[PDB]
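Listed next as C-alpha cells: two forms of one protein chain, kept apart as structure 1 and structure 2.
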Structure 1
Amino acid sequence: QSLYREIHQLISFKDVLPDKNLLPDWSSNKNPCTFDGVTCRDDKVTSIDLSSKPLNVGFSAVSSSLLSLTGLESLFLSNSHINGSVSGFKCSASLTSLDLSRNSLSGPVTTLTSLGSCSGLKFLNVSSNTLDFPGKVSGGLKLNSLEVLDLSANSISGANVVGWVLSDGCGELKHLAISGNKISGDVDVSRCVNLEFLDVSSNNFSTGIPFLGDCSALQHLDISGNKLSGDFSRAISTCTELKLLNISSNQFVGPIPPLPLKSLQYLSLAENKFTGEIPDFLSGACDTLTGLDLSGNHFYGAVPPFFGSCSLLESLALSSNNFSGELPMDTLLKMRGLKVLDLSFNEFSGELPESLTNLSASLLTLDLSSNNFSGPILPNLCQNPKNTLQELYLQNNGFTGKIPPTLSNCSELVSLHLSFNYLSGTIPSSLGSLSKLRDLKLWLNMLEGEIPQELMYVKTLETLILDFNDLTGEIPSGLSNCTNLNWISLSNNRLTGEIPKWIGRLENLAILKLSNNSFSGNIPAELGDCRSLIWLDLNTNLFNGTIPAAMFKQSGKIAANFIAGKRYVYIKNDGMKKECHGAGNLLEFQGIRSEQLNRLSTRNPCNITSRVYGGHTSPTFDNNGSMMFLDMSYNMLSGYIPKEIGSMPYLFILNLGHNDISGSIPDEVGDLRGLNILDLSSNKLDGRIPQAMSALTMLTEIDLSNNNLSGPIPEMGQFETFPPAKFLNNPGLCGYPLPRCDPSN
C-alpha cells in the first residue's frame, strides 16, 4: 500500500470525471488524507465517500481505480450517478462495505456475483438501481459471506428470486432487504440461522407465507404490500426474538389470530380483510407493544378492556373500521405514554370525557375525525403547561358550541381541523398565539364574526380553510404577514370588501377560492405577482371593472411543489340547475367521509349526486407552469378579454360566464392547448369565433350561448361535436350545429 499507488489511483479516477467541477480539491499536489470524501487512519486511506456527487461515470471506472485500493475498508457512492454494469475486477481484501445505492446500475442481477472477488465483503447495498432477473432463475448469487444485503427497489421480476439469493448458503446473513421489486414464489430463510431482519415488502408474493424455520434470531419481519393470505400466525409461532411484525396491505382474512409473542413491540395488521370484534390475541401483559395498527379492516364492537394491559403503547391506530361505543378512557388512561391516538373513520359516539385531558400530556396526535361524537369540544384540553399536542383532528363529527379559546394553550399545535361540525361563535383571536400553527381548517360550521386580525402573528400559517360558514367583514390586512400561505379558501361566507392589493406579496399562494361571497371592486393586477397561483375561483361575487392583462404575467414561471400531496375533493357542477354556479368546488378533504358531503345540501344548491372527483393534489408541472383553473363567472366584469388570457398552457378550465364582457374572443384563446372547459356564455361578446380555436383538441365542454357573436362556427376542430345549445342566442351565428349560414336572412 504505497502512497505512490494510492495517489495515482485517486487522481486517475478524478481525471476521468466528466464534470471538471467535481472533486475540486483532489490533487497530485496534496496528500490523499486531505481530500474531501476521504478518510484515513495513520496516514493511509481507509474509506472513500463520494455519495450525492454527480460523478456520472461507469462502474468499471469505479472498480478500476477505487475498489482496487489496497487497505480500503469502505466505499460509499450512494446517489453518485454511477451507471453501467458490475463485472469482474480485482478487489482489495480489506474492503468490507460497499454502498452503491441510488444509482443507475443495470443488467442481470447475476452481475453481482462478480463482487465475489471482494473476499472481505460483508455489507452490500445496491438498492435503487435497475438490476433485473432474465427469465428462468438458475444457480445462485453466491455471496455467502454477506452479513447485510439490500437489493431493494430494483427491477427484479420473477419467481423464487429469494432462493437464488440464498442458494449457496446464508449462515452469515443478518439483514436481508429486497422490497420494492416484483418477486414472487417462495421465501425460505430457514437455513439463515442468524437472520435478524427480513424485508420482502412491496413485492409480488401471493402464494406461501415465508418459511422461517427455527426463527431463532429474527427480530424484524416485514411482508407488507403483497397479496398474501393464509396462516401467518402459525408461521411465526417459533419466533422467540421477534420485535416488529408488519403484515399490512395484504389479503389476510378472518379474526385476529393469537399473537402472544411476548417480545413483540411493533405490530401492524393494517389494510387487510380481518373481521370481527377484537379477541384477546396478546399475552396477559400485551406482549411488549409500543406500536399497534389495526387500521383498514372490518373490525367492529367496542375497544376491549384487555388493551388496558398495553401500558407501553405509544401509538394506537384503529382507523377505518367500525368500532363503536364511547371513548374508552379507562383503557386509554392506562397507556401513560401514548403519543398517537388515531380512531378516525369509525362510529365512536357520546361526548368527550373530561379525563381525556389527562391523556393529552404525552399526546402528539389526537385524531377523532369521521365519527359520531357530539357535545362541546373540551375547554381544558391543554391545561397542562408541559402539553405537547401537535395535531388536533376533530373534523366530521357532531360537535356543538364554540371553539374553546383555551386551544391557544396548545402551544405546540401544528394542525387544527374542526371542519364538518356544528360549531358557532367566532374564530378565537387567541389562535393567533399558536406560533407553530401551519393548518387552520374550520370549514362547514356555523362560524360568525370576522376573520381575526391576530392571525398575522402566525408566521407559520400555510393553510386557512374557512369555507361554508357565516363569516362577515373583509379580508383582514394582517393576513399579509402570513407570507407562507399556500391555500386560502373563504368561499360560501358573507365576506365583503375587495381583494387586497397585498395579495401579490403571497408568493407561496397556490389556491385562492373566494366564491359565493359579496366581494367587490376590481380584480387586482397584483394577482399577477403571485408566483405560485394555480387555482383562482372568484365566482358569484360583485367584482367589476375590466380583467387586467397583468394578472397573467407569471405565466410560464409558476411553481407548484408546495401544494402537492393534500387530500381534496372536486365537486363538478353538472350544469342542470340555474342556482348552481361555477365550474366546480375544490375543497380540502383530509379525514372527512364523502358520505357526509350530503351535509352541504343546506348551504349549496348543487345536486350532491353530481360528480365528486377526489385524491391528493398533484400539479402537472413542478416549475415554469401556469394557472390551471380560472373561474370569474357570475360577477359584473366588463370591457374586453386581454389577449394575455391565451398565455397559459396548463389552463384546464376557463370560466368567464355571466358577466358583462364585450369586444371579441381573442385569437390567442386558440393557444390554450390544455383547455378542457371554456365557458364564455351570457356576456356581450361580439364578432366571429376565431378559426384559431380549431386548434384546441382537449375540449370536453364549451359554452358561447347568450352573446352577440356572428358569422360561421368554425368547421374544423371540436365545434361540430357540441350541441346547438352551446351556441344559441347569438343572432348572427350560423353553421353546423346551427342552421347553415345563408347570406339572405
Structure 2
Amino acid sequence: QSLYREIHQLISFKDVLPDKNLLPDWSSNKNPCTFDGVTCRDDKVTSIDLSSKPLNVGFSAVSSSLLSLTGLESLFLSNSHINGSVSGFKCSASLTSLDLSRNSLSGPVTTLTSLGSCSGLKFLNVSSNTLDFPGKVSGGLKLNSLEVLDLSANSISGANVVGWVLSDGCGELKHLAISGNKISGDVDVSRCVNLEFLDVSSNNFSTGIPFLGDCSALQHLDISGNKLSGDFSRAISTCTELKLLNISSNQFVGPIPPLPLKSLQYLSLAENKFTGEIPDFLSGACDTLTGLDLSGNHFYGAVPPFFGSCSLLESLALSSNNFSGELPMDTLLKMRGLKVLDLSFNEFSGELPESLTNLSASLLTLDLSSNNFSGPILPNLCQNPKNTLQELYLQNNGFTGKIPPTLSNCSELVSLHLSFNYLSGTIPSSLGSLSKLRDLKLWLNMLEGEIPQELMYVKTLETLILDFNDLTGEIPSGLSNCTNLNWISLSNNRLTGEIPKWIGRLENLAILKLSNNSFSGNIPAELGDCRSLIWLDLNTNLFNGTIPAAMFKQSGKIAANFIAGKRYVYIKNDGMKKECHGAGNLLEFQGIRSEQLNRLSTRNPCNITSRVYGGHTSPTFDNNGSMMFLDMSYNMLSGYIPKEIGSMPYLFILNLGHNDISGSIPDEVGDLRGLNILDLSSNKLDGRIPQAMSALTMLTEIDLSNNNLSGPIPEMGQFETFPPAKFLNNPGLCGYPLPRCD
C-alpha cells in the first residue's frame, strides 16, 4: 500500500477523535512506522494497538479508517472507549485478529455477522461489551473461519445461542468463551472437532450437560457458575486430553463419579452438593494433578492416603465440608510441591504433629481454621529456614498455650490469624520482626500483658484485632509508626490510658473500636485529622471532658477504599439486657464460624440470639466521604453537642447515651438523612426536640429518654412511629406518643 494511503488512513482516524492529544505523535509528513501504538514490518503498517486510551468514538470510525488499512494484520482497541455498533464495511483480507474487548459496543450479537467481510479473520474478542440477543434465535453467527471467539461479559440472554454461534460450522474453532452472559439451553460442540477451550461459565444453563461429542481435542472445560444437575461424567468420559475441569458452583449431587484422569491438571467440583468421601480411584491423577478443589460440599471422612503420590499437587482446597481426623501429615510430607493447603471449616481434630515444620519451607498458605484441632501451636514451626509461608490461619480451634515466638522465623509471613482459641500468655514481641506482616488477629483468647511496643517495627501492618482478651497497660506509642493501619480493635479488654493524639497521623485509619475498656481523658480532637475514619466505637469507658467540635472536619472529604472486601460480623444490641451496652459490635470474621459466636457469652452479657449480621465490607461511598458509625455511650462526656455533629451525611448510627451531655439538641441533627439509629438517652439535654429532625425519614431506632428535654414532639416525621418509652423521664415533654400538650 502507498505510504500516502497509510498516513491519510491513520490521520483521518485521529481527526475524528474528541481528544487529539491521545495520538499526539500521529502527524502527517511522518512515516506511521514511528508512531506510538503502531507496529511495522519492512516499513509497512502491520498492527495498531490503541488500548486503554479513551478514544471516545464509535465503531464506524474504526472500520473506515483502521480496519480498511490494507495490510493491517491485527487491531487492538481493548478498553478504548469505543461505542456504537458493528456494520458492514470493507475489511482488508490481511486482518487476522481484532480485539474490541471492554468497550461499549451495543446492539444484537447478529451485528458481528458482518465481520465475515474479513475473509482472513481468525481471532475475535468482543468480550466485556453490551451486545444482546434479538430474543428468538434467527439464523447464525456465520463466522466459520474463526479459530478464537470470546463473547463473554456481554448482555446476551437467550436459549440455544450457542447453537446459533456454531450453526454454520465450527471446524476451525479451537477456543470458545461465552461466560458472564445469561445464556441457557443446550451446548453442542460435537462438530467442533478441533475445540480445545470451552468456557460457558457464569451463564443460565440449567438443563442438559454440554454434549462434547468425541471430545478428542478438548483440553479446557469450564461449566462452573450455573445451575447444572446432571450426569456430567457420561458427557466427559470420552475426553482423553482434558487438562482442566471446572464444574464448581452448580447444583450437582451425589458422590464423585468416574473421571478421565490421564491428563487432568486442574479439577474443581467446589460449591456443589457432592456427598461421600474422597474416592481412592482419584489416585490415577496424581501423575498430572496440580490443583484440586473440593470445597463447599458435603464430603466426610479424612484425607485418603494415596495423596502422597500426588507429588505435583500445588494446591489442596478441602474446606467447608465435614472432614474429620488428625492432621494426616504422614501424607502431606510427600507433597514436595504443595504451596496452598486449605482444610478450613471441617472437623479435623487432634494436635499439630511435629513434622509440619518441614513443610513450612514449601508452603505459602496454611489454613486449618474452623476445625477442631487442639494442643499447643507448634513452637518449632518455621524452624526449617527459608520459610516461604505467607499466610497462617489457625483461628476457631481448640489450641492452647502461649503464642509461639518462633512464628517470627517465618520472615515472609503476611497474615497471622490465631483468633477464637484458648491461648494464654502475652503477645510475642518478636512479631515486630515480621517486617512484611499486614494482618495480626488474635481476638477471643486469654492473652494477658501489654500490646508490644516492638510493633513499631512493622511498617506494613494494616489491621490489629485483639478484642476479647485480658490485655492491659496503655496504647503503645509505637503504633504511630504503622502508617498503613486501617483497622484497630481493642474491645473487651482492660486497656487503660488515653487515646493518643498521634492517632491523627493515621490518614488510613477507618475503624477504631475501644469499647468495654478503661480508657480515659478528653476525646482527642486529633481524630478529626483521620482521612479514612468511618467507624469510631468508644462505648463503655471513662472518657470525659466535653466533645471536640474539631473531630468532624473530614466530613465530605473522606475516601474509604482500602477497607472494602473483608469478611465481618455486626451484632446488634437489643434493648433488653441493661448489661449489654453500645449500638453494636463490629468484629472481623474472616474464616471463623458464626456458630462459635456463642463463646462470647462468657465475656459479653449481650444475648447474641439471631442478631448477627455479616457479609464482606462494602462501603457505600467511594469519595463522597462521611463517617458512618459513631458510638460513645456509657462514658463521662459532658458539655454541649457541637452543631458540627450534623455534618455527617452517611452516618447510619449515632449513640451518645449514658453521659453528662447538656445543652439543646443542635438543629443540624436533622441533616443526618442516613441516620437509622439515634441514641441520646440518660443525659442532661434540655430544650426542645428540633422540628428539623422531622426531615429524618430513615430513623428505625431512636431514644431521647432520661434527659431535661421540654416541649412538643414534632408531629411530622417518624416521631409518632416510636413508643413512649423512647421519650420518658423528660417531664417538660408532651405530644404523641406522649400525652398532648395541656
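Just so we're on the same page, residue numbers count up from 1 along structure 1's sequence. What we label the rigid core is the largest C-alpha set whose atoms superpose within 1.5 Å from one form to the other.
Only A285, out of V253, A285, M456, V193, shows a C-alpha shift of 2 Å or more between the two structures on alignment of the rigid core. After superposing the rigid core, the Cα of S309 is displaced by 2 Å or more between the two structures.
A C-alpha shift of 1.3 Å is found for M329 between the two structures, based on superposition of the rigid core. Relative to the superposed core, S610 moves its CA by 4.7 Å between the two structures.
At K20, the distance the Cα travels between the two structures is 3.4 Å after the core is superposed.
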